[PDB]
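Below sits a lone chain in structure tokens, taken as the form deposited in one PDB entry.
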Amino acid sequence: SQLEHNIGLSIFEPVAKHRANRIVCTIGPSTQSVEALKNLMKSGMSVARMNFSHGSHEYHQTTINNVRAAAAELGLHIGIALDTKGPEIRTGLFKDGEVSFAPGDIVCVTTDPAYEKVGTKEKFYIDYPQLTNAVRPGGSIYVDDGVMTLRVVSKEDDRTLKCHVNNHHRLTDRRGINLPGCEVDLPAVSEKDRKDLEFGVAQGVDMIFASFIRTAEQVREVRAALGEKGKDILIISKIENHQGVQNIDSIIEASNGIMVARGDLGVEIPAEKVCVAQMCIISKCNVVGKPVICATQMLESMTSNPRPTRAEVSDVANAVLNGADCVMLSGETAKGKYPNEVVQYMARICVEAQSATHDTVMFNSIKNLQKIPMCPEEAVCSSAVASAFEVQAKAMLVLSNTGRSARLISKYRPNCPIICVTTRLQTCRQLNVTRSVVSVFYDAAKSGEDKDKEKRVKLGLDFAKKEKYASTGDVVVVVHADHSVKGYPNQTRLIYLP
């Protein structure tokens, strides 16, 4: 039981030597230089996130180039994520660049772009032209991470609502608007998004973080926008509104993975319900073996402070205990004063939660929910994890070309590293969002076809030794095909490191 497992926990034992969970860092001014990126990577970054809510194509191109240069110097394969703007709504600019409101201030909000630059305490612009169809008198507009709310008093006309300010708040340029409980019908892929996505394909990004996904159909729109050359790019759908939560099953089935995007989510639904959504969404991803990211304000105070709060540490640990493959940093690394240190904390907290995890519970819980009969590769991958537990294997080794088999092993939550020997660099980069996996590139064009698997297995076992996963005489669980079968692994071996 969890209770019995808990009472046996010790703060005095060694922690796991190899961190299983993965860290996604958002790049910005704190962290864009090749040197800053190197330090992020050394610190524990596996995936660099570009937030296309801001910055030009040239800015992000600098990010892309600097990431690749940093990773090449270190000999790492780092994933690159493009995080779409999507159907964001914002205020315009203000006179002087801030204005201040008191509870009871009457204020007009207007869709008329004439006011975009010159917002004031009594009138300012919101960049959503259908505003007055979307929110009626009596409705509420949420401003600036939902910190300030306006009750709509009346509709002055098709361009303008008169609003009552409900609480005190200071407002600066271009803050976020949310309209929970309104008919908001913006595309999942705007014209801006489409060009962004095309740019991502041209530049070979590994994955898309698709903002505000509401439906399976929207996932398919993102896939269509990525077009012929973007077919192998992962789509990680971000769940950040009511409807995305409602439609979680079909959204998961359509996507390659999920981000619990807790920032918008906690404004779109009551903040206290995010803790339940998170648990639900993460576990649904674990059951089907698709990567899941927990995001937003995880170590927030370390944007300014050299140490996190007690709540922030527990948040990171519990996202790991919940089942999340990855945990994410936004402003902490994009613009914070302690980018390296915040990644380093996050890494240490991950390893602690990982060592606190009751090792076979996830394996059994996930196994028990799978439909029988399995396909053979799933029976192989799950039974290979069971073998690993049985012999206390210090590593597993899998050949995977698309990544599918590495993800299938990771689905069953082994307690040791999964060394994946892959023939694709992109697979190395994409498997960064998958718990436990460490990728090694085998260049088939250069080294030969390796039909009998022996070159790739050697590469994997030498890597296991060199990187101090295991030594001579240690048993390793090795998964791939026999000499005939093509398309999936049908074989497991147990092998002593030579």
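Quick note: we count residues from 1 along the sequence shown, nothing fancier.
Although it is not shown, the form deposited in another entry is what the next lines describe.
Within the set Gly139, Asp144, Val475, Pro187, the hinge between the two rigid parts that rotate between the shown form and the other one is located at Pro187.
Wider separation of the C-alpha atoms of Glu300 and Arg174, by 3 angstroms or more, is seen in the other form than in the present form.
In the other form, the CA atoms of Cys182 and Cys280 draw together by 3 angstroms or more relative to this form.
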